[PDB]
file structure12.cif (mmCIF, C-alpha atoms and all ligand atoms)
data_work
#
loop_
_atom_site.label_atom_id
_atom_site.label_comp_id
_atom_site.auth_asym_id
_atom_site.auth_seq_id
_atom_site.Cartn_x
_atom_site.Cartn_y
_atom_site.Cartn_z
CA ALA M 1 -35.73 158.55 138.29
CA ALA M 2 -32.25 158.28 136.85
CA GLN M 3 -29.14 160.36 137.24
CA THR M 4 -26.82 159.95 134.25
CA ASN M 5 -23.02 160.33 134.63
CA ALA M 6 -23.41 159.95 138.42
CA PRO M 7 -20.47 159.53 140.81
CA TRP M 8 -19.45 155.87 140.75
CA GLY M 9 -20.71 155.09 144.32
CA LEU M 10 -24.27 156.25 143.58
CA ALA M 11 -24.26 154.09 140.42
CA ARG M 12 -22.90 151.19 142.43
CA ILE M 13 -25.70 151.25 145.01
CA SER M 14 -28.40 150.99 142.30
CA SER M 15 -26.67 148.19 140.34
CA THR M 16 -26.07 144.49 140.61
CA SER M 17 -22.75 145.01 138.80
CA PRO M 18 -19.70 147.28 139.00
CA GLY M 19 -18.88 149.69 136.17
CA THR M 20 -22.25 151.41 135.47
CA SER M 21 -22.64 155.21 135.46
CA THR M 22 -26.35 155.82 136.04
CA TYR M 23 -27.92 156.16 139.51
CA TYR M 24 -31.50 154.82 139.42
CA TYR M 25 -33.76 155.75 142.33
CA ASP M 26 -37.35 156.42 143.31
CA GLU M 27 -38.26 160.13 143.04
CA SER M 28 -39.51 160.13 146.64
CA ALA M 29 -35.79 160.49 147.27
CA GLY M 30 -35.91 160.50 151.09
CA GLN M 31 -38.43 163.38 151.41
CA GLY M 32 -39.96 163.31 154.90
CA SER M 33 -36.86 161.78 156.51
CA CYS M 34 -34.13 163.59 158.46
CA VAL M 35 -30.40 162.81 158.68
CA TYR M 36 -28.16 164.18 161.44
CA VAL M 37 -24.52 164.48 160.28
CA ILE M 38 -22.36 164.48 163.44
CA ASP M 39 -19.00 165.78 162.26
CA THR M 40 -17.06 169.04 161.64
CA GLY M 41 -20.26 170.88 160.61
CA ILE M 42 -22.02 171.53 157.30
CA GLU M 43 -21.64 174.46 154.90
CA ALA M 44 -25.41 174.91 154.77
CA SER M 45 -25.23 177.67 152.12
CA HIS M 46 -23.70 175.35 149.49
CA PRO M 47 -25.99 175.48 146.44
CA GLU M 48 -26.00 171.65 146.32
CA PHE M 49 -28.08 171.48 149.54
CA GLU M 50 -30.87 173.62 148.08
CA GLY M 51 -31.77 175.09 151.47
CA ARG M 52 -32.33 171.57 152.90
CA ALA M 53 -29.39 171.73 155.32
CA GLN M 54 -29.09 173.52 158.66
CA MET M 55 -26.68 173.63 161.60
CA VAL M 56 -28.51 172.73 164.83
CA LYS M 57 -25.71 172.54 167.40
CA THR M 58 -22.01 173.39 167.78
CA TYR M 59 -19.58 172.47 170.57
CA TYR M 60 -16.98 175.01 169.42
CA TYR M 61 -16.86 178.81 169.05
CA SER M 62 -18.52 178.72 165.62
CA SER M 63 -21.07 176.60 163.81
CA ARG M 64 -19.24 176.69 160.49
CA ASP M 65 -17.42 173.83 158.83
CA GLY M 66 -13.81 175.07 158.69
CA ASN M 67 -12.56 171.63 157.65
CA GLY M 68 -14.67 170.28 154.76
CA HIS M 69 -15.10 166.69 156.04
CA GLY M 70 -18.61 167.26 157.48
CA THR M 71 -19.72 169.01 154.29
CA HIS M 72 -18.39 166.11 152.15
CA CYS M 73 -20.25 163.53 154.24
CA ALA M 74 -23.47 165.56 154.23
CA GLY M 75 -23.15 165.89 150.44
CA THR M 76 -23.06 162.09 150.07
CA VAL M 77 -26.18 161.76 152.23
CA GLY M 78 -28.30 164.31 150.45
CA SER M 79 -26.82 166.89 148.04
CA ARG M 80 -28.59 167.23 144.69
CA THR M 81 -25.72 165.97 142.55
CA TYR M 82 -23.72 163.85 144.97
CA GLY M 83 -26.33 162.46 147.33
CA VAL M 84 -28.18 159.21 147.83
CA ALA M 85 -31.36 160.76 149.23
CA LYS M 86 -31.75 163.91 147.25
CA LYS M 87 -34.80 165.31 149.08
CA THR M 88 -33.88 164.52 152.68
CA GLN M 89 -33.51 167.12 155.46
CA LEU M 90 -29.97 167.51 156.84
CA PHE M 91 -29.07 168.64 160.35
CA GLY M 92 -25.48 169.39 161.30
CA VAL M 93 -23.99 168.73 164.73
CA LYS M 94 -20.40 169.99 165.05
CA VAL M 95 -18.61 167.71 167.48
CA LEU M 96 -15.29 167.82 165.58
CA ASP M 97 -13.00 170.85 165.46
CA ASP M 98 -11.73 172.38 162.21
CA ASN M 99 -8.71 170.08 162.42
CA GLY M 100 -11.17 167.17 162.45
CA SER M 101 -10.46 166.30 166.11
CA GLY M 102 -12.93 165.91 169.00
CA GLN M 103 -12.71 164.62 172.60
CA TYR M 104 -14.91 161.61 173.38
CA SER M 105 -16.94 163.57 175.97
CA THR M 106 -18.05 166.03 173.24
CA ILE M 107 -18.93 163.32 170.76
CA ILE M 108 -20.97 161.59 173.50
CA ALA M 109 -22.74 164.88 174.23
CA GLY M 110 -23.45 165.29 170.48
CA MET M 111 -25.08 161.84 170.37
CA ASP M 112 -27.23 162.49 173.49
CA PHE M 113 -28.23 165.81 171.91
CA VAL M 114 -29.57 164.13 168.75
CA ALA M 115 -31.61 161.63 170.78
CA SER M 116 -33.40 164.58 172.36
CA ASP M 117 -33.44 167.08 169.53
CA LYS M 118 -35.25 164.71 167.09
CA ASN M 119 -38.30 165.07 169.34
CA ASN M 120 -38.63 168.75 168.29
CA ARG M 121 -38.30 168.12 164.52
CA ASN M 122 -40.85 167.14 161.88
CA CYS M 123 -39.45 163.94 160.45
CA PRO M 124 -42.56 161.92 159.60
CA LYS M 125 -40.63 159.19 157.76
CA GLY M 126 -37.92 158.71 160.43
CA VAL M 127 -34.49 159.80 161.60
CA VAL M 128 -30.95 158.76 160.76
CA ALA M 129 -27.59 159.69 162.33
CA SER M 130 -24.36 159.40 160.32
CA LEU M 131 -21.13 159.23 162.32
CA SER M 132 -18.00 159.28 160.16
CA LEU M 133 -15.67 159.33 163.12
CA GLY M 134 -14.16 157.02 165.76
CA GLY M 135 -11.00 156.29 167.76
CA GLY M 136 -9.70 153.57 170.09
CA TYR M 137 -12.16 151.41 172.02
CA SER M 138 -14.29 153.22 174.62
CA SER M 139 -17.20 151.60 176.42
CA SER M 140 -18.73 155.02 177.12
CA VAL M 141 -18.62 155.94 173.44
CA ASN M 142 -20.20 152.59 172.48
CA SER M 143 -22.88 153.10 175.12
CA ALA M 144 -23.75 156.58 173.75
CA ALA M 145 -24.20 155.08 170.28
CA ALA M 146 -26.41 152.26 171.67
CA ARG M 147 -28.57 154.87 173.45
CA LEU M 148 -28.98 156.89 170.23
CA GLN M 149 -30.03 153.76 168.31
CA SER M 150 -32.44 152.69 171.12
CA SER M 151 -34.09 156.15 171.16
CA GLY M 152 -35.34 155.36 167.63
CA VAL M 153 -32.61 156.71 165.33
CA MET M 154 -30.93 154.64 162.60
CA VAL M 155 -27.24 154.97 163.58
CA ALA M 156 -24.61 154.34 160.89
CA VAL M 157 -20.94 154.53 161.89
CA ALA M 158 -17.61 154.23 160.10
CA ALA M 159 -15.63 151.01 160.60
CA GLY M 160 -12.35 152.98 160.59
CA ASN M 161 -9.31 153.25 158.33
CA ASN M 162 -6.64 151.09 160.09
CA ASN M 163 -6.81 147.96 157.89
CA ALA M 164 -7.54 146.20 161.19
CA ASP M 165 -10.25 144.41 163.14
CA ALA M 166 -12.90 147.02 163.98
CA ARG M 167 -13.44 145.40 167.41
CA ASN M 168 -10.76 147.73 168.83
CA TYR M 169 -12.43 150.94 167.64
CA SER M 170 -15.39 152.98 168.83
CA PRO M 171 -18.22 153.52 168.07
CA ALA M 172 -17.48 150.96 165.31
CA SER M 173 -17.37 148.08 167.79
CA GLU M 174 -20.86 148.70 169.25
CA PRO M 175 -22.94 145.79 167.96
CA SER M 176 -26.32 147.50 168.01
CA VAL M 177 -25.51 150.20 165.40
CA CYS M 178 -24.75 149.80 161.67
CA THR M 179 -21.01 149.52 161.16
CA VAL M 180 -19.88 150.35 157.59
CA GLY M 181 -16.70 149.26 155.75
CA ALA M 182 -15.48 150.73 152.45
CA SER M 183 -15.14 149.30 148.93
CA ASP M 184 -13.61 150.65 145.69
CA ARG M 185 -14.76 151.03 142.04
CA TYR M 186 -13.67 147.49 141.21
CA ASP M 187 -15.54 145.79 144.09
CA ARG M 188 -12.42 145.34 146.22
CA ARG M 189 -12.42 146.06 149.95
CA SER M 190 -10.75 149.48 150.17
CA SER M 191 -7.12 148.94 151.20
CA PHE M 192 -7.50 151.02 154.41
CA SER M 193 -10.89 149.60 155.44
CA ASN M 194 -11.26 147.95 158.86
CA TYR M 195 -12.98 144.52 158.80
CA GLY M 196 -14.11 141.90 161.32
CA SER M 197 -17.26 140.29 162.61
CA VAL M 198 -18.73 143.59 163.84
CA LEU M 199 -19.11 145.03 160.32
CA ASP M 200 -22.69 144.98 159.09
CA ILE M 201 -22.25 146.17 155.49
CA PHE M 202 -19.96 147.74 152.94
CA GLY M 203 -20.52 150.87 150.87
CA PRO M 204 -18.44 152.81 148.35
CA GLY M 205 -15.52 154.58 150.07
CA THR M 206 -12.60 155.02 147.62
CA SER M 207 -12.43 158.20 145.55
CA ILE M 208 -15.82 159.61 146.36
CA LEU M 209 -16.86 162.92 144.80
CA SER M 210 -18.96 165.21 146.99
CA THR M 211 -19.40 168.77 148.19
CA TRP M 212 -16.59 170.70 149.86
CA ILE M 213 -16.33 174.06 151.71
CA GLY M 214 -16.12 177.30 149.69
CA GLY M 215 -18.96 176.03 147.51
CA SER M 216 -16.57 173.55 145.83
CA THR M 217 -16.31 169.78 145.33
CA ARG M 218 -13.54 167.27 146.07
CA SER M 219 -12.89 163.53 145.84
CA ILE M 220 -11.59 161.85 149.04
CA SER M 221 -11.42 158.29 150.41
CA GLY M 222 -12.32 156.54 153.67
CA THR M 223 -14.83 154.59 155.63
CA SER M 224 -16.00 158.15 156.40
CA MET M 225 -17.31 158.28 152.76
CA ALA M 226 -18.92 154.81 152.86
CA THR M 227 -20.96 155.62 156.00
CA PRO M 228 -23.10 158.42 154.43
CA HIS M 229 -23.99 156.18 151.49
CA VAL M 230 -25.60 153.78 153.97
CA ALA M 231 -27.13 156.61 156.06
CA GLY M 232 -28.62 158.08 152.86
CA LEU M 233 -29.85 154.61 151.76
CA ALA M 234 -31.63 154.08 155.11
CA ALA M 235 -33.31 157.52 154.80
CA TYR M 236 -34.37 156.57 151.27
CA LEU M 237 -35.81 153.20 152.38
CA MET M 238 -37.62 154.62 155.42
CA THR M 239 -39.51 157.17 153.27
CA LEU M 240 -40.49 154.30 150.91
CA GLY M 241 -41.90 152.51 153.99
CA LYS M 242 -39.71 149.43 153.38
CA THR M 243 -38.16 149.49 156.87
CA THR M 244 -37.89 151.40 160.17
CA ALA M 245 -35.06 152.93 162.18
CA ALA M 246 -34.85 149.83 164.40
CA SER M 247 -34.55 147.33 161.53
CA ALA M 248 -32.96 149.37 158.68
CA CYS M 249 -29.45 147.95 159.16
CA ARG M 250 -30.80 144.37 159.05
CA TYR M 251 -32.99 145.19 156.02
CA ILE M 252 -30.08 146.68 154.10
CA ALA M 253 -27.96 143.57 154.92
CA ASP M 254 -30.83 141.25 153.88
CA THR M 255 -31.26 143.06 150.55
CA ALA M 256 -27.56 143.71 149.79
CA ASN M 257 -25.54 142.44 146.86
CA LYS M 258 -23.97 139.30 148.31
CA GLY M 259 -20.55 137.85 147.57
CA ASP M 260 -19.53 140.57 145.09
CA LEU M 261 -16.51 141.92 146.96
CA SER M 262 -12.93 140.62 146.86
CA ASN M 263 -10.20 141.00 149.53
CA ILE M 264 -12.80 140.12 152.24
CA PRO M 265 -11.13 138.23 155.13
CA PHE M 266 -12.89 135.08 156.42
CA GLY M 267 -15.32 136.07 159.18
CA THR M 268 -16.28 139.40 157.61
CA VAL M 269 -19.57 139.84 155.73
CA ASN M 270 -19.49 140.03 151.94
CA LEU M 271 -22.43 142.42 151.55
CA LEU M 272 -22.61 145.65 149.52
CA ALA M 273 -25.43 148.16 150.06
CA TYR M 274 -28.01 148.04 147.22
CA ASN M 275 -31.33 149.91 146.74
CA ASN M 276 -33.13 147.17 144.75
CA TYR M 277 -34.74 149.82 142.51
CA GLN M 278 -37.21 148.54 139.89
CA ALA M 279 -38.98 151.09 136.66
CA CA K 1 -23.24 141.12 141.52
CA CA K 2 -24.28 145.93 164.01
#

call {"tool": "encode", "arguments": {"input": "structure12.cif", "output": "structure tokens"}}
result
Amino acid sequence: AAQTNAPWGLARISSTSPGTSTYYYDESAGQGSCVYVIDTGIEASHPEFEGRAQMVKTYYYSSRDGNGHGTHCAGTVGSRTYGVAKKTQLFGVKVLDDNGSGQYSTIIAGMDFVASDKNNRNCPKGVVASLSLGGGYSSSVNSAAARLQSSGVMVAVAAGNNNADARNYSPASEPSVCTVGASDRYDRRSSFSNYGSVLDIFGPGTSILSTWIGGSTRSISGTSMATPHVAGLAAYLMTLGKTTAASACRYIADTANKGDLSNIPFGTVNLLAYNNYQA
């Protein structure tokens, strides 16, 4: 399948080169897989989700996304127009308030919840969790992420936006999960992207168009935007049978575009997520 005039990041993930505008992908498109978006919530009624999204848990008074961030991320995972895996199932877990803040104890609870909840869902092709959040180093936060991964969920987390070594940030610094940095249109590390030896992969994170609340759309930037590209890619690859939750991060690193990025500090991987799609 091919999506013409696609958002630049979708084109980027299906190309060996920057500057293309068509997103090429297998029509299986992640059907059979499930992605948990742990964030501010998801506006499940947005037409772009096509009834494939649902809220499954809140930690606040309401289950609605009053912020937009969670909806944007979800849209990059699996909306019709803006998503990597256009037929995946989306589940929203609202751990962040409408200001986009959360306490670590509630994000830990949200991770433990997913590890359990996936056992009552029909996800024949596998389960992914996308965490476009983080703060200062916390061993308890890292351990929650490690548990989620070990339960059999592909965990993808944002590297963070401090232009610093991600080793000081959680859950970014947990080695066992898939830590994602951000790149721009021109194959440059995004100027705000964290780096360091803990990063596993880069995805598109500058000026990413996706869904927003109120049934709208918006372009925003961050490692928060890069993360769902990789979460969506994993979902896509698991339904193709190429990889499993336990080895998806390694598989995407093994099959990435290598050495394409500029502004990569010595000691950080030079790997950009790529779907390897072949007509
Ligand atoms: Ca290249
Ligand atoms: Ca890792």

call {"tool": "closest_residue", "arguments": {"input": "structure12.cif", "among": "M:181, M:160, M:102, M:47", "to": "residue 213 (chain M)", "atoms": "all atoms listed in the file"}}
result
M:47

call {"tool": "residues_near_ligand", "arguments": {"input": "structure12.cif", "ligand": "ligand CA 1 (chain K)", "cutoff": "6 Å", "atoms": "all atoms listed in the file", "output": "list in words"}}
result
residues 16, 17, 257 and 260 of chain M

call {"tool": "residues_around", "arguments": {"input": "structure12.cif", "residues": "residue 206 (chain M)", "least_positions_apart": "4", "cutoff": "10 Å", "atoms": "only C-alpha atoms", "output": "VMD selection string"}}
result
chain M and resid 8 to 9 182 to 186 188 to 193 219 to 226

call {"tool": "residues_around", "arguments": {"input": "structure12.cif", "residues": "region 51-63 of chain M", "least_positions_apart": "4", "cutoff": "8 Å", "atoms": "all atoms listed in the file", "output": "ChimeraX atom specification"}}
result
/M:41-42,44-45,47,87-95,97,106

call {"tool": "write_last_selection", "arguments": {"input": "structure12.cif", "atoms": "C-alpha atoms", "output": "short mmCIF file (atom, residue, chain, number, x, y, z; two decimals), in the coordinates of the input"}}
result
data_model
loop_
_atom_site.label_atom_id
_atom_site.label_comp_id
_atom_site.auth_asym_id
_atom_site.auth_seq_id
_atom_site.Cartn_x
_atom_site.Cartn_y
_atom_site.Cartn_z
CA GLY M 41 -20.26 170.88 160.61
CA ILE M 42 -22.02 171.53 157.30
CA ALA M 44 -25.41 174.91 154.77
CA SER M 45 -25.23 177.67 152.12
CA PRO M 47 -25.99 175.48 146.44
CA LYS M 87 -34.80 165.31 149.08
CA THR M 88 -33.88 164.52 152.68
CA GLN M 89 -33.51 167.12 155.46
CA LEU M 90 -29.97 167.51 156.84
CA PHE M 91 -29.07 168.64 160.35
CA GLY M 92 -25.48 169.39 161.30
CA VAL M 93 -23.99 168.73 164.73
CA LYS M 94 -20.40 169.99 165.05
CA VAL M 95 -18.61 167.71 167.48
CA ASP M 97 -13.00 170.85 165.46
CA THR M 106 -18.05 166.03 173.24
#

call {"tool": "residues_near_ligand", "arguments": {"input": "structure12.cif", "ligand": "ligand CA 2 (chain K)", "cutoff": "8 Å", "atoms": "all atoms listed in the file", "output": "ChimeraX atom specification"}}
result
/M:174-179,198-200,249

call {"tool": "axis_aligned_box", "arguments": {"input": "structure12.cif", "around": "region 158-172 of chain M", "padding_each_side": "8 Å", "output": "AutoDock Vina command-line options"}}
result
--center_x -12.4 --center_y 149.3 --center_z 163.4 --size_x 27.6 --size_y 25.8 --size_z 26.9

call {"tool": "closest_residue", "arguments": {"input": "structure12.cif", "among": "M:71, M:270, M:21, M:79", "to": "residue 218 (chain M)", "atoms": "all atoms listed in the file"}}
result
M:71

call {"tool": "atom_distance", "arguments": {"input": "structure12.cif", "atom1": "CA of residue 4 (chain M)", "atom2": "CA of residue 22 (chain M)"}}
result
4.5 Å

call {"tool": "atom_distance", "arguments": {"input": "structure12.cif", "atom1": "CA of residue 197 (chain M)", "atom2": "CA of residue 108 (chain M)"}}
result
24.2 Å

call {"tool": "closest_residue", "arguments": {"input": "structure12.cif", "among": "M:268, M:243, M:81, M:149", "to": "residue 115 (chain M)", "atoms": "only C-alpha atoms"}}
result
M:149

call {"tool": "atom_distance", "arguments": {"input": "structure12.cif", "atom1": "CA of residue 144 (chain M)", "atom2": "CA of residue 110 (chain M)"}}
result
9.3 Å
